[PDB]
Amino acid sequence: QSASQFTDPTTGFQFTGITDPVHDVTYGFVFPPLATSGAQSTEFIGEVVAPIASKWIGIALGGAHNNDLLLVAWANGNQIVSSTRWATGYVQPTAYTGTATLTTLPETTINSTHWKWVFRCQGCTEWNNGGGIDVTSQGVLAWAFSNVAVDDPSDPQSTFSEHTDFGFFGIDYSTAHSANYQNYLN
């Protein structure tokens, strides 16, 4: 599948991403301006817009279960619980030990039918294994989905069972940058 540009109609934030038609989950990403000199920023802003039937959602930042930064989130009442994770060998991802700070942004909204997780991911383009994403080129993202609740929803590091579905999408990171990024942070 292929990402495209869309505007969130309530916040006005502009993202690049997809809606999975099976679970009707929207995934969106937006990056700060490309640097004219020096290194690129290592942060981005994302969102997951998920029906309440979605018990946990994962984003795989290099498109794979293994050897890449994973973001996991679920709703627990009127709060989003989230974490950064990492796996090798196809087992339960555990807490990531690198430098990546996930912050839930105030646009985050939980209503009677959906949870809309809007987040800032600092240090999320470069990982402590030396890998990461190249924000000037084309890559693959993946998502993972479960309709079964995690073992303990109040614990950000809760265990849980394997996803019931996963999927992939191509993204042109070069076109996912926004002049309005700094405004999204305010």
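In case it trips you up, residue 1 is the first one in the sequence shown, and so on.
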So 152-160 or 35-43, which one's hotter by mean CA B-factor in the entry? 35-43
Of 58-66 and 131-139, which one has the bigger average CA B-factor? 131-139
Residue 108: CA temperature factor from the record, placed by chain third, in the lowest
Temperature factor at the Cα of residue 11, chain-ranked in thirds, falls in the highest
Sorting the chain's CA B-factors, does residue 97 end up in the lowest, middle or highest third? lowest
What third of its chain, lowest, middle or highest, does the C-alpha temperature factor of residue 87 fall into? middle
